[PDB]
Each structure stands twice: as C-alpha cells, then as structure tokens.
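Here is the structure we will look at, set down as structure tokens.
Labels for the chains are A, B, C, D and E, by order of writing; each one numbers its residues from 1.
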Amino acid sequence: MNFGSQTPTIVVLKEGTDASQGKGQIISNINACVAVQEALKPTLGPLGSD
Amino acid sequence: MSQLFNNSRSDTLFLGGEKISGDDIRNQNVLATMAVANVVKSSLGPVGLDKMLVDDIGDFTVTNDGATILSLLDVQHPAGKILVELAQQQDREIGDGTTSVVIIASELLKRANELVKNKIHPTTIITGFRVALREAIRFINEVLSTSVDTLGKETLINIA
Amino acid sequence: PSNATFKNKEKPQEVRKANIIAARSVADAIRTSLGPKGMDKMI
Amino acid sequence: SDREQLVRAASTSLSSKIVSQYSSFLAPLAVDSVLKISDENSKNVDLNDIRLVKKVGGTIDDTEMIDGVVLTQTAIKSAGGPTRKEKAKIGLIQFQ
Amino acid sequence: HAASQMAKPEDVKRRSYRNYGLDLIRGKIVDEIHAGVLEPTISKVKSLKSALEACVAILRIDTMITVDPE
C-alpha cells in the first residue's frame, strides 16, 4: 500500500525558518534595542562624542 | 547584548587571548549569569517545573536540585563557575535553598551592574550590602519563633 | 649647522618609542586596580 | 608593642582590596601573628613560619584565630581509631 | 507586611501579619501556622552571606584576560 520503505514527517514551517514561543523572544527583542541604545548613550548631550 | 567584537590591538601585545575592558565585561558576566539563572528560575517552589538533561549515551537526568542541574552544566565561562561551585558548597553544608541562593546572586548582579552604570563605585555598593546584611541577620533574630504548645512531632512533620 | 653630527641612526629612537608604548599599554591595563576604589581582575 | 599604630597601619593595606569590612578583627590578627610569634626585634622576620590552610566551603566570617597548630591532614579511621583525645601527648613518627 | 512593621507594639492582629504571606496553591493570603509552611532559621543564615561573596567576586571585576591553551 505504501510507496516505499519509510516516510519522514513533514516540518510545518519551511526548513531553516526560525521561530520561538514564550517570553524569551520579547526579552531578546528588548535587549536588541538596548544593544543599539548603548551605542547612542554617550552621544547625547553638548558634551557627547561622535 | 554585546555586539561588534573588540578589535585586535597592536599597541598591547599579550600572548594568548585578546584583552577586553570596559562595561562589556560586567555586561558579559551578567549575561553569563542570566544563562544559568533562567535555567533554575522555572523549577522554584511547588508550582515550579523542572527540565531534563541527556548524557549523550541515551541516559538522562530529571533534576530538581540546583546543585545537580549546575553540576552537569559544565560552564566554560569563569563567572558562571563561581555560582556552580557555590551550589556544590551550598548543598553539602546546609542542603536547602540551593535554587534561591543562585537566584539571589543573579538578581544582585543585575541591580549591581545597573548601579555601576548609575556612577557609584562598587566599593560603596559593597559597603551598602554589608551594613544591610548585618541589620538583616539582626532582624532574623527578632522574628524567631520557639516551638511550644505543639502536640507530638507535628512541628517536625509540617516543616518537612 | 652643516657641521653638526647627524649620527646616521634613527632606528634606536624608534625602537625606544615602540618599547615605551608597549610598556605603557600594560601599565594602563592595571591602572584601575589601585586604591580602595580598585577592581579585581579574573584571568 | 603598640596596638594603635600597628593595627591601623595593616588595615590601610587591606582596604585597597577584598576582604576589608572584616578587617577590623583581621588587622590586629596580623599584628600579633608576626611581632609576637615570628621574631621580635629585626633582621630575621620570617613568613614561612606563618601557615594558611586553604579549604572550600564556609563563609568569610568563619575565619578565626587558633592558639595552636592545625593539621591539614585527616585521620585514616580505617581501623576504628580515636579522633579526639583529651590531654594527649603528640609524638612525631619519622619512620614507617 | 508594612502595615505590620509600622504598627504599635500593642496590636495583636497587625502583628500577626508579620507572620504570613504568599500561597501558591489556592492563590490567597492564609496563615502559615495553620497551613504548615515553615523553614529552619539556619537555612536563611549563611545563605545571603554566600550570595554576598558570590556578588563581590564578579562585581569587583573590571577587565578580563584570557590565555589560550598550549
């Protein structure tokens, strides 16, 4: 009845598509913005650096 | 949180790995602490739930204790090894609060790093914790309760 | 003047400059470890 | 033999590092451990006569003074031997 | 807890609060004596001290130096 020896299961998303649940991703997104924020932290002020 | 790795410096030539300084170290040390603190954060208390760790030979270990879960997690980072050996020191001495002492240390390094960014020295921060802890142990002595008017072994049962 | 001694050698002063910057590089690594406000160094 | 200048002079060096809040009772511990034990006057004052035993576990406050010598080694207990003995004379066996 | 610490020494009910708190099963405030939640005093003693020394060891670090293996 079957076409061959075995039949591997289908991944729902495409192979290599990154996905994650829970509170870890939104913390990573916030930490990503804070990482960009730290570059512009000492630039603020009339006594900042280029 | 750290990005854009430090440049190899030609004026300071040391054998082995490159030197790195600034606030990135305390950011990396806290980031290394969150790598282990988030592991033990979920398995705290009755409602807490634990995880599994395979031994790469089919065997695994479902562990609730903080000393056991950190013993199998061989942390290559230097700052994480302090908390790994602390739990091995905690469970041998007292055998209780192994998860809380790591969670307390992680929250301290979080807010301590925030205070260093607020431009107060760590020596003043450490002096603030020691005078606070000396009053805390004095307050722990105030809230003690001696077992009295208890029927049989009930105080040993409910505390277990 | 023209009769002054040129000394024919600029390599010695350049090597001394390379040593001073190399010596000041590691000296400035441990500058923040001095006094009560010093910081520890884990190697 | 002055416990005023020698104690506070040792705490100045301990304050530039770790372990300094507990230096109030480790500073005078350093004074008597050298002047009253190692050598009294000059020319000879030795640090190899001082012993520091490294041990994992415990807290920083647990460090205290011991009037006598402490052995880093432990008993065999293999045979059922005593591990404490009041009023015991200690003999050094240098053979097998 | 605050309403208990601030209170007069002479106030039974408020003082009692100093004794109770969070419950994880039913989700309400109940007495620990009747519930049976209790710990030793030694468990908290020398736990914050170990966490204190753990914080001191990392907090005092400024720079990190790594030597590659031979």
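Please note the rule applied: a residue touches a chain if its C-beta (ideal position, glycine included) is under 8 Å from a C-beta of that chain, and two chains touch if they have at least 3 such contacts.
Peer 1: Looking only at C-beta pairs in contact, point me to the busier pair out of B-D and C-E.
Peer 2: Result of the comparison of B-D and C-E: C-E.
Peer 1: Taking every chain's C-alpha mean, which one sits closest to the mean of all protein C-alpha atoms?
Peer 2: The chain sitting closest to the overall C-alpha centre is B.
Peer 1: How many angstrom lie between the centres of subunit C and subunit D, each centre taken as the mean Cα position?
Peer 2: 42
Peer 1: Whole-Å distance, subunit A centre to subunit B centre, using C-alpha means?
Peer 2: Result: the chain centres lie 26 Å from each other.
Peer 1: Can you give the whole-Å distance between the Cα centres of subunit D and subunit E?
Peer 2: One centre to the other, that is 34 Å.
Peer 1: Centroid of subunit B to centroid of subunit E, CA atoms only: how many Å?
Peer 2: 14
Peer 1: On subunit D, where are the residues touching two or more other chains?
Peer 2: In subunit D, 18 touch at least two other chains.
Peer 1: Going by the touch rule set out above, which residues of subunit A reach two or more other chains?
Peer 2: Within subunit A, no residue contacts more than one other chain.
Peer 1: Using the touch definition from the top, which residues of subunit E touch two or more other chains?
Peer 2: Subunit E, residues with two or more chain partners: 46, 49-50, 56-57, 60-67.
Peer 1: Which chains are in touch, pair by pair?
Peer 2: Pairwise, the chains that meet the contact rule are A-B, B-C, B-D, B-E, C-D, C-E, D-E.
Peer 1: Provide the residue numbers of subunit B that touch subunit E in the complex, in ascending order.
Peer 2: 14-21, 25-26, 28-29, 33, 45-47, 78-79, 82-83, 86, 89-90, 93-94, 96-97, 100-101, 104-105, 108-109, 112-113, 116, 122, 125-126, 129-130, 133, 136-137, 140, 143-144, 155, 158-159
Peer 1: Under the touch definition given earlier, write down the residues of subunit D that touch subunit C in their complex.
Peer 2: 15-18, 20
Peer 1: Can you list the residues on subunit D that touch subunit E in the complex?
Peer 2: By the definition above, subunit D touches subunit E via 18, 59-61.
Peer 1: Which residues of subunit B touch subunit A in their complex?
Peer 2: Subunit B residues touching subunit A: 1-3, 38.
Peer 1: Spell out the residues on subunit E that touch subunit D in their complex, using ranges where they run on.
Peer 2: 46, 49-50, 53, 56, 60
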